[PDB]
Asks: 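Shown below is the structure under consideration.
Numbered from 1 within each chain, the chains take letters A, B, ... in sequence-line order.
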Amino acid sequence: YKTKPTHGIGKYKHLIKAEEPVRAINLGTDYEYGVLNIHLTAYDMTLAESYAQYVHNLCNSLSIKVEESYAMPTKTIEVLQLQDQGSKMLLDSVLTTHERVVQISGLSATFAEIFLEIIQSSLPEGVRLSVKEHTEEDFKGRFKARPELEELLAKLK
Amino acid sequence: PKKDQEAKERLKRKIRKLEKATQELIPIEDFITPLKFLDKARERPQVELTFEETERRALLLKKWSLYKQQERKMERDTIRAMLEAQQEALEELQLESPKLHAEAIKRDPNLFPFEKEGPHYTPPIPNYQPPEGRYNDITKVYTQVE
Amino acid sequence: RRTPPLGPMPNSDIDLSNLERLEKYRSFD
Amino acid sequence: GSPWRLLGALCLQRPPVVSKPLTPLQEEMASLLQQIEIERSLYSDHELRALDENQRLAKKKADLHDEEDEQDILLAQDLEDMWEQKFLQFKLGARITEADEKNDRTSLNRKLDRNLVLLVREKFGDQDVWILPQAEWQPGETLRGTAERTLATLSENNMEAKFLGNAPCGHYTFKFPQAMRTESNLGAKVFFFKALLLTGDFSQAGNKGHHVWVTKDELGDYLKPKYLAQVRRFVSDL
Amino acid sequence: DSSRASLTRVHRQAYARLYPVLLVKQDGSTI
RNA sequence: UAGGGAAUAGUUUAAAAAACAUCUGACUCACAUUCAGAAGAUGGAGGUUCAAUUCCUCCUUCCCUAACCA
């Protein structure tokens with residue numbers, strides 16, 4: 001009851017984060033990096049995932065906020081090979097590139113050195129660590145191509 | 001114009017409608033299961049493990065847990081030492097010269113993008129001639145309608 | 001009208017400035 | 001100026017070129033993981049083909065004739081033989097190199113599966129002391145430049161190293177001997193900075209008595225115990 | 001260490017057997 | 001002032017078609033007619049619905065009626 005010293009003892013909504021409904025991306029300050037995209041490309045999916053999983057728990061262990069962990073579409077490259085003493089290039093290998101992303105944010109500037117060292121140290125054989133800064137270009141690259149918008153865009157050109 | 005300019009303004013309407021439309025996410029072929037795998041003919045016969053096999057696999061996984069504990073132990077000690085080194089160096093630097101400390105704690109704009117390749121199984125051959133060939137990308141192109 | 005609490009109120013020692021940083025009871029138990 | 005002499009050291013490392021061999025415990029687990037994968041996997045294309053062809057042979061032996069006139073000339077079993085022949089003729093690289101047999105400690109081709117640090121032989125007061133390459137800080141310059149300055153003051157080399165950030169991974173302070181210690185030079189304050197040797201190497205003029213690349217396992221015999229102690233906190237063999 | 005997160009299995013329900021092979025790159029290095 | 005109804009290709013009517021206009025061609029010495037092709041719209045914005053030509057609500061717009069008794 002409001003007039004009582006115990007008023008508000010049942011308050012709880014201030015302890016929760018405000019989740020009241022697209023979303024603006026928050027860039028980092030001058031002493032912390034913004035959203036960072038830890039890409040993990042590889043020819044063996046199991047190795048791409050096993051290391052993406054490893055770095056999620058690693059980030060989780062270091063109290064580094066992991067905004068999102070997602071997979072990028074698979075790229076299928078057909079290795080063609082010139083036949084011996086001939087001309088017709090005959091396919092032999094069909095390789096596939098599996099990329100996995102672990103999106104973090106709030107990495108301290110001074111601590112980024114220690115973190116970057118640990119992750120590169122543990123990199124498996126066959127996997128490429130590409131750590132870049134998150135940008136709208138990367139986010140848009142995960143969405144299907146829209147041919148209609150391109151056709152209408154040509155009219156404006 | 002009543003028709004030429006009509007279309008010119010209809011473009012803005014199309015842009016607004018399409019821009020406000022939802023964007024579909026490209027599927028990840030890794031997660032989707034092809035229908036050919038559903039065929040039961042592919043299913044291989046299952047062989048029951050012997051008692052000794054099940055006993056040694058259970059004994060191995062036990063060791064694997066204590067092993068992976070040792071790994072994580074050394075990994076935590078390394079990060080600790082590194083953190084302690086920086087913290088002790090930062091303090092004396094600030095007292096010695098606050099002007100350098102201010103710059104030292106700043107972020108490095110050139111640190112990223114940071115790309116690093118993983119080790120290979122065998123090192124490169126100094127003089128190896130790779131065979132001639134071509135790379136043909138066949139990545140399925142997915143198109144969003146509506 | 002308000003009466004001040006007679007002692008520490010529940011949940012007062014929780015720093016809500018760094019809400020997103022604080023650990024959570026991810027579990028019921 | 002300040003009484004202390006600012007110094008910028010470089011903690012250059014070459015990340016391992018090959019993966020480390022699996023230990024006996026890891027070897028058994030890898031064998032089991034492959035074994036489990038087979039048991040939980042569906043018949044592959046090649047495996048399925050092989051089975052089918054073996055059946056056609058029985059329809060071409062016990063049966064009067066096989067109506068399938070599509071008999072694969074190359075069987076799957078036979079096709080595996082061609083693949084196996086290609087591997088035997090091919091020769092891999094040498095994980096264990098010649099520096100191992102000859103114990104060369106001035107090359108970047110030693111301990112391919114380990115991490116190596118750059119040690120340089122300096123002459124300090126008519127005395128040979130092994131330290132991490134360093135340069136003296138200059139007024140009107142950030143401590144990062146001092147680290148980069150060391151690279152430009154090294155013996156003929158095309159070494160290109162990627163620095164990690166801009167923070168001193170460590171420090172080491174020592175007092176000059178009482179003979180030469182003075183009010184203007186109380187001591188020194190070194191600040192180590194890590195970088196990843198990417199491409200390049202020193203020339204062939206003089207590298208024997210100029211520098212060595214150790215793996216942190218022999219770093220003791222060279223570095224001053226005191227120095228060495230303050231040097232093994234940031235350099236991690238892992 | 002390049003073995004920390006290297007020992008894996010295929011984590012699926014239905015998948016075709018996969019054989020270990022060495023991919024010889026254009027530089028002679030293998031994985 | 002207050003209520004109701006109505007915004008569909010450039011046009012006019014349908015429930016996204018049709019006839020015109022336009023564009024391309026054929027026929028003609030040429031044009032028109034004619035013939036054969038082609039493109040061409042749901043007023044804007046805001047929704048829901050398994051799906052919006054009959055549905056919103058608003059804006060913008062045009063119309064229709066009413067505005068009386070002392």
Side-chain angles (χ1 to χ4, degrees), chain A residues 10-29 34-35 37 45 49 52 56 65-76 96 98-103 105-106 133-157, chain B residues 1-43 137-146, chain C residues 16 19-20 24 26 28, chain D residues 42, chain E residues 10-16:
Chain A
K11 286 181 182 301
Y12 70 91
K13 196 64 203 62
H14 64 309
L15 311 163
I16 302 287
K17 191 211 306 176
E19 290 291 342
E20 296 178 351
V22 176
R23 300 199 185 274
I25 307 177
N26 190 29
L27 298 175
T29 67
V35 185
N37 292 16
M45 47 173 299
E49 291 178 347
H56 197 163
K65 187 173 176 64
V66 179
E67 293 197 20
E68 192 180 359
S69 169
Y70 60 95
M72 292 294 289
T74 301
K75 300 176 182 177
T76 314
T96 42
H98 310 272
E99 180 171 19
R100 294 292 185 274
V101 186
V102 175
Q103 191 170 203
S105 62
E133 296 182 357
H134 182 37
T135 60
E136 295 178 351
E137 307 194 344
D138 197 333
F139 182 70
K140 294 178 65 59
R142 316 185 314 110
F143 298 148
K144 297 166 70 70
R146 298 178 286 192
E148 296 177 352
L149 177 61
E150 286 170 349
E151 301 147 20
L152 299 177
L153 182 62
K155 300 300 179 55
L156 186 68
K157 296 295 297 194
Chain B
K2 196 178 192 72
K3 181 138 188 181
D4 303 332
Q5 167 172 0
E6 186 69 26
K8 298 173 217 310
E9 310 297 356
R10 297 283 176 73
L11 296 175
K12 294 295 181 61
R13 296 181 184 180
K14 296 296 184 178
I15 295 299
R16 293 180 183 175
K17 183 178 179 180
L18 289 183
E19 291 282 11
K20 299 300 181 180
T22 185
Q23 293 76 40
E24 285 172 12
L25 199 72
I26 303 175
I28 310 300
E29 297 178 346
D30 302 332
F31 305 147
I32 187 62
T33 303
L35 187 143
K36 61 185 176 184
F37 293 170
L38 170 60
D39 192 55
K40 49 183 174 60
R42 291 193 173 268
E43 298 176 352
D137 183 55
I138 60 158
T139 308
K140 293 177 58 57
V141 176
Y142 302 89
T143 297
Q144 175 193 6
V145 288
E146 189 176 355
Chain C
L16 298 177
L19 189 53
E20 296 175 343
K24 308 303 191 300
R26 293 149 296 177
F28 171 95
Chain D
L42 301 174
Chain E
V10 176
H11 293 294
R12 294 296 194 272
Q13 310 298 353
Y15 65 100

Asks: Using 0.5 Å steps for rounding, measure from the NE2 atom of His134(A) to the CD atom of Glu136(A).
Replies: 8.0 Å
Asks: Could you please name the partner base of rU65(F), counting Watson-Crick and G-U wobble pairs only when both distances are under 3.5 Å?
Replies: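 When the pairing criteria are applied, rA2(F) turns out to be the nucleotide that pairs with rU65(F).
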Asks: Rounded to the nearest 0.5 Å, how far apart are CG of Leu11(B) and CG of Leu152(A)?
Replies: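 Between atom CG of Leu11(B) and atom CG of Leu152(A) there are 6.5 Å.
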Asks: If a positive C1'-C2'-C3'-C4' torsion means north (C3'-endo side) and a negative one means south (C2'-endo side), where does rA19(F) fall?
Replies: north
Asks: So, are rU34(F) and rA26(F) a pair, meaning Watson-Crick or G-U wobble with each of the two distances under 3.5 Å?
Replies: yes
Asks: Once you look at the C1'-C2'-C3'-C4' sign, would you call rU8(F) north or south?
Replies: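 North pucker for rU8(F).
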Asks: For RNA chain F, note the earliest and the latest nucleotide, 5' to 3', having some atom under 4.0 Å of a heavy atom belonging to chain B.
Replies: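 That gives a stretch of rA9(F) to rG44(F).
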Asks: Mark yes when both conditions hold for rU54(F) and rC55(F) (six-membered ring centres under 5.5 angstrom, interplanar angle under 30 degrees), and no otherwise.
Replies: no
Asks: Could you tell me how far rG47(F) sits from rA38(F) if I compare only their P atoms? Round to whole Å.
Replies: 39 Å
Asks: Salt bridge (charged side-chain N to carboxylate O under 4.0 Å, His left out) with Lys24(C): which residues, sequence neighbours excluded?
Replies: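 Residues passing salt bridge (charged side-chain N to carboxylate O under 4.0 Å, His left out) with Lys24(C): none at all.
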Asks: Have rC35(F) and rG25(F) got a Watson-Crick or G-U wobble pairing, both distances under 3.5 Å?
Replies: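 Verdict: paired bases.
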Asks: Among residues at least two apart in sequence or on other chains, which ones pass side-chain hydrogen bond (donor to acceptor under 3.5 Å, both in side chains) with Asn26(A)?
Replies: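 By the side-chain hydrogen bond (donor to acceptor under 3.5 Å, both in side chains) rule, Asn26(A) matches no residue at all.
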Asks: With sequence neighbours left out, what residues match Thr76(A) under side-chain hydrogen bond (donor to acceptor under 3.5 Å, both in side chains)?
Replies: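 With neighbours one apart ignored, the set is empty.
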Asks: Show me the pairs that pass salt bridge (charged side-chain N to carboxylate O under 4.0 Å, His left out) and involve residues 32-43 of chain B, at least two apart or across chains.
Replies: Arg42(B)-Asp45(D)
Asks: Does the pairing criterion hold for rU49(F) and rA9(F)? That is, Watson-Crick or G-U wobble with both distances under 3.5 Å.
Replies: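 The answer is no: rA9(F) does not partner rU49(F).
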Asks: Determine if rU48(F) and its strand neighbour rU49(F) meet both stacking conditions: ring centres closer than 5.5 Å and an interplanar angle below 30°.
Replies: yes
Asks: Using side-chain hydrogen bond (donor to acceptor under 3.5 Å, both in side chains) as the criterion, list what pairs up with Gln144(B), not counting sequence neighbours.
Replies: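 For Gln144(B), no residue satisfies side-chain hydrogen bond (donor to acceptor under 3.5 Å, both in side chains) once neighbours in sequence are set aside.
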Asks: Counting only heavy atoms and a strict 4.0 angstrom limit, can you tell me which residues of residues 8-20 of chain B come near RNA chain F?
Replies: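 Contacting residues: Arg10(B), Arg13(B).
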Asks: Please measure how far the P atom in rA19(F) lies from the corresponding atom in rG37(F), and state the result in whole Å.
Replies: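 Their P atoms lie roughly 12 Å apart.
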Asks: Give every residue pair that meets the salt bridge (charged side-chain N to carboxylate O under 4.0 Å, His left out) criterion with at least one member in residues 139-157 of chain A, sequence neighbours excluded.
Replies: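 Applying salt bridge (charged side-chain N to carboxylate O under 4.0 Å, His left out) to every pair that reaches into residues 139-157 of chain A, excluding sequence neighbours, yields nothing.
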Asks: Using the P atom in both, what is the distance from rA15(F) to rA7(F), to the nearest Å?
Replies: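 Taking atom P in both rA15(F) and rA7(F), they lie 12 Å apart.
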Asks: If we call a positive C1'-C2'-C3'-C4' torsion north and a negative one south, what is the sugar of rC56(F)?
Replies: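 It's south.
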Asks: So, do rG37(F) and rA38(F) stack if we ask for centres under 5.5 Å and planes under 30°?
Replies: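 Judged on centre distance and plane angle, the pair counts as stacked.
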Asks: For the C1' atoms, the ones on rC62(F) and on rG43(F), what distance do you get once it is rounded to whole angstrom?
Replies: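 It comes out at 11 Å once rounded to the nearest Å.
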Asks: Kindly compute the distance separating NE2 (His11(E)) from CD (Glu49(A)), expressed to the nearest 0.5 Å.
Replies: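 Answer for the NE2-CD pair, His11(E) versus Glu49(A), is 8.0 Å.
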Asks: Kindly check the sign of the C1'-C2'-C3'-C4' torsion at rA15(F) and name the resulting pucker, north or south.
Replies: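 Here the torsion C1'-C2'-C3'-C4' comes out negative, placing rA15(F) south.
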Asks: Say you pick atom P in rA52(F) and the same atom in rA36(F); how far apart are they, in whole Å?
Replies: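 Straight-line distance between the two P atoms is 37 Å.
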Asks: Are the six-membered base rings of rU42(F) and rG43(F) less than 5.5 Å apart at their centres, with planes tilted under 30 degrees?
Replies: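 No, which means the ring centres are not under 5.5 Å apart or the planes are not under 30°.
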Asks: Find the distance between CD (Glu68(A)) and CZ (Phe139(A)) and round it off to the nearest 0.5 Å.
Replies: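 Rounded to the nearest 0.5 Å, the CD-CZ separation comes out at 7.5 Å.
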Asks: Taking the six-membered rings only, are the centres of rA7(F) and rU8(F) under 5.5 Å apart with their planes within less than 30° of each other?
Replies: no
Asks: Assign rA67(F) to north (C3'-endo side) or south (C2'-endo side) according to its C1'-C2'-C3'-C4' torsion.
Replies: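 On the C3'-endo side: north.
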Asks: Considering only distance and modelled atom types, tabulate donor-acceptor pairs under 3.5 Å from the side chains of residues 12-30 of chain B, sequence neighbours left out.
Replies:
residue, atom, partner, partner atom, Å
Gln23(B), NE2, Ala21(B), O, 2.6
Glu29(B), OE2, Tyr142(B), OH, 2.6
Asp30(B), OD1, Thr74(A), OG1, 2.8
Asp30(B), OD1, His98(A), ND1, 3.0
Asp30(B), OD2, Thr74(A), OG1, 3.1
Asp30(B), OD2, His98(A), ND1, 3.2
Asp30(B), OD2, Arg100(A), NH1, 3.1
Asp30(B), OD2, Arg100(A), NH2, 3.0

Asks: Considering Watson-Crick and G-U wobble pairs with both distances under 3.5 Å, what does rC31(F) pair with?
Replies: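 When the pairing criteria are applied, nothing turns out to pair with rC31(F), so the answer is none.
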Asks: In whole Å, what separates the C1' atom of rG40(F) from that of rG10(F)?
Replies: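 Taking atom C1' in both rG40(F) and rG10(F), they lie 9 Å apart.
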Asks: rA45(F) with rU11(F): Watson-Crick or G-U wobble pair, both contacts under 3.5 Å?
Replies: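 Between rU11(F) and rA45(F) there is no Watson-Crick or G-U pair with both distances under 3.5 Å.
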Asks: Please measure how far the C1' atom in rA45(F) lies from the corresponding atom in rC50(F), and state the result in whole Å.
Replies: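 One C1' to the other, the span is 25 Å.
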Asks: Could you identify the nucleotide paired to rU42(F), looking across every strand shown and requiring Watson-Crick or G-U wobble geometry with both distances under 3.5 Å?
Replies: none
Asks: Taking the same atom, P, in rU11(F) and in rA2(F), what whole-Å distance lies between them?
Replies: 33 Å
